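Q: Have a look at the structure that comes next, please.
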Amino acid sequence: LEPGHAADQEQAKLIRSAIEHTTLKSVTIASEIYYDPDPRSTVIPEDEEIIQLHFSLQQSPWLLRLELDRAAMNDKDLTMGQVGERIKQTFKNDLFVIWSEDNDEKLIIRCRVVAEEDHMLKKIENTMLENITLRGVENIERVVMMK
Amino acid sequence: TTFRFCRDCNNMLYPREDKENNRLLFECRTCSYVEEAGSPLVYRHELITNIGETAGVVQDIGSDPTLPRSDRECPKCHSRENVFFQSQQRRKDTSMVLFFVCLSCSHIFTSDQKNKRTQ
Amino acid sequence: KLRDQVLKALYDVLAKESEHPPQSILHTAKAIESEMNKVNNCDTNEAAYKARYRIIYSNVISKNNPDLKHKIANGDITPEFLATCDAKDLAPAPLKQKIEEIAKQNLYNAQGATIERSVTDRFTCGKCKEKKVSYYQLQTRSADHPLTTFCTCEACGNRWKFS
Ligand SMILES: [Zn+2]
Ligand SMILES: [Zn+2]
Ligand SMILES: [Zn+2]
């Protein structure tokens, strides 16, 4: 550590979370695929509260749900916005991406695509995993702190 | 995700789309069968999995000598004839919780004192 | 300009959940828009403004709904401080305590294996000459001739060997 901030416990777990190769695959719980046809009200009633916000303020019906774990998402200091802003700039402006906040019983990232579109929704199922970095240097899996 | 096969030609039912009405339909791709969806959830892929499971009790477990006998009173029938073993999910992390098979009614009580299961 | 988006959000939300507060609407909403407008940065942020306030006023429809007036305030002063932190920690219920209960569970994960080995007072050390030495039977050639015996000093680090 840097000469001064070397005996600070929390300081140590801040650098940790900046070196460890943290992939979208690390925090994900389940990756689901839904048939949600009307992109103005979710079929899932545990999501209703989400759309209200991302509308208050032409795509495709094949929804892609992702549940992130709160636990893992705070070992490596991240927030829903940071996670979502990262996916939305990988495929950029051609995958309709949304995400919940940090105060809901369950975190969720819902994204839709924009002639066999259920087969292109898996080309991209694999990229959202083994080819996307959140925060960390590649090849650096596991980072342990020691006194 | 529970997946259904059709009648007659008995095969894998693949989900296709109903454009004009906006709904989901499973269909057979060697026959001509098609049916409605009981749910909108088509595909699930679990990564981080919550698991903690017992064994494949044939009730004949009592009829295996190589299983140890402790002496707790079974919750229901109160018979101190137990046989026990650890979780059969032989994964590296899973814990040392003992499962007791009551040899009187085949009830399955545990040793746990942090959580609870009806499993 | 796009304060309409700011406008409807407050007014609408704080009065439409339940019709129970009337005309106090034109003071709760009105007051806490310039605070965000004075910070919005008509551009600058680019959405780091939106991100906060938008996502603030969505912490308002969730499971904290008993406390999801207020609003009715305890010093509604929280919003200027809803631009730094941004309070954030301040928005949940006791699910706060859960979040910080998870915090600890994560530190324990970061630290690594602790080398614990029973030390013997029947050993002389060169480095610190102390009586704190652990070893491990083995191994080279066991018995005839004899058998190696490798110690260690967990104080000093040195290693020697017998035979
Ligand atoms: Zn068929
Ligand atoms: Zn019994
Ligand atoms: Zn020594």
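The numbers here are math on the coordinates, done by the rules we state, and not lab data. Please note: Cβ atoms are built from the backbone with ideal geometry, for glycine as well, and neighbour counts cover all protein chains shown.
Q: Let me know the mean shielding of A:60-71 by other chains, meaning the per-residue number of their Cβ atoms within 10 Å of its Cβ.
A: Averaged over the peptide's residues, the number is 3.
Q: How large is log10 of I(q)/I(0) for the range B:1-45 at q = 0.19, 0.21, 0.28 Å⁻¹ when the intensity is taken from the Debye formula with one equal scatterer per alpha-carbon?
A: So the normalised log intensities work out to -0.58, -0.69, -1.08.
Q: Would you mind computing, in nm to one decimal, how far apart the modelled labels at A:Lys25 and C:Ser118 are, each placed 7 Å from Cα along Cα→Cβ?
A: 4.4
Q: Between A:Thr90 and B:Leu98, how high is the FRET efficiency from 1/(1 + (r/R0)^6) when r is the Cβ-Cβ distance and R₀ = 41 Å? Nearest 0.05.
A: Once the sixth-power term is evaluated, E becomes 0.30.
Q: Residue separation times 0.36 nm, minus the C-alpha to C-alpha distance between B:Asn21 and B:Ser79: what's the value?
A: Contour length minus the Cα-Cα distance gives 14.8 nm.
Q: Measuring from label point to label point, each 7 Å out along Cα→Cβ, what is the B:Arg72 to C:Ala103 span in nm?
A: Label-label distance for B:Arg72 and C:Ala103, simple model: 3.6 nm.
Q: Okay, moving on. Note the full-extension length gain between B:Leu47 and B:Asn10 as 0.36 nm times their separation in residues minus their Cα-Cα distance, in nm to one decimal.
A: The B:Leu47-B:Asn10 span can extend by a further 10.3 nm.
Q: Starting from the coordinates of the alpha-carbon atoms of chain A, obtain the Kirkwood hydrodynamic radius over all distinct pairs and give the value in Å to one decimal.
A: Across chain A, the inverse of the average 1/r is 16.8 Å.
Q: Restricting the calculation to Cα positions, tell me the Rg (one decimal) and the Dmax (whole number) of the protein assembly as shown in Å.
A: When restricted to the Cα atoms of the protein assembly as shown, Rg and Dmax are 29.8, 98 Å.
Q: Rounded to a whole number of µm²/s, how large is the Stokes-Einstein D of the range B:46-119 at 37 °C and 0.692 mPa s, given Rh as the Kirkwood radius over C-alpha pairs?
A: 249
Q: Could you calculate the FRET efficiency of C:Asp89 with A:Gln11 from 1/(1 + (r/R0)^6), where r is the beta carbon distance between them and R0 is 22 Å, rounded to 0.05?
A: About 0.70, to the nearest 0.05.
Q: Can you show me the helix-derived [θ] at 222 nm for the protein assembly as shown, built from DSSP H runs with n ≥ 4 at -39,500 (n - 2.57) apiece and divided by the number of residues, rounded to the nearest 500.
A: -6500 deg cm²/dmol
Q: Taking the convex hull of the Cα atoms, report for the range A:66-147 its projected area averaged over all directions, in nm².
A: It is 6.9 nm².
Q: Expressed as a fraction of 2.2 N^0.38 Å, the rule-of-thumb size for a compact globular protein of N residues, what is the C-alpha radius of gyration of the range C:1-93?
A: 1.03
Q: Further, regarding this structure: Amide H to amide H under 5 Å from B:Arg23: which residues, 5+ apart in sequence or cross-chain, H placed 1.01 Å off N in plane?
A: Answer set, sorted by chain and number: B:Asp18.
Q: For a bin width of 10 Å, list the pair-distance distribution of the range C:94-163 built from all Cα-Cα distances, rounded to whole %.
A: Going from the shortest bin to the longest, the percentages are 17, 29, 20, 14, 12, 6, 1.
Q: Right, another one. In a solvent-free Debye calculation with one equal scatterer on each Cα, what is log10 I(q)/I(0) for chain C at q = 0.14, 0.16 Å⁻¹, listed in the order of the q values?
A: -0.83, -0.99
Q: Now for a separate question. Estimate the FRET efficiency between A:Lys147 and C:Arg159 by the formula 1/(1 + (r/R0)^6), using the beta-carbon distance for r and 22 Å for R0, to the nearest 0.05.
A: The formula returns an efficiency of 0.50 here.
Q: Let me ask you something else. Across peptide C:106-115, how many C-beta atoms of other chains are within 10 Å of each residue C-beta, on average?
A: 5
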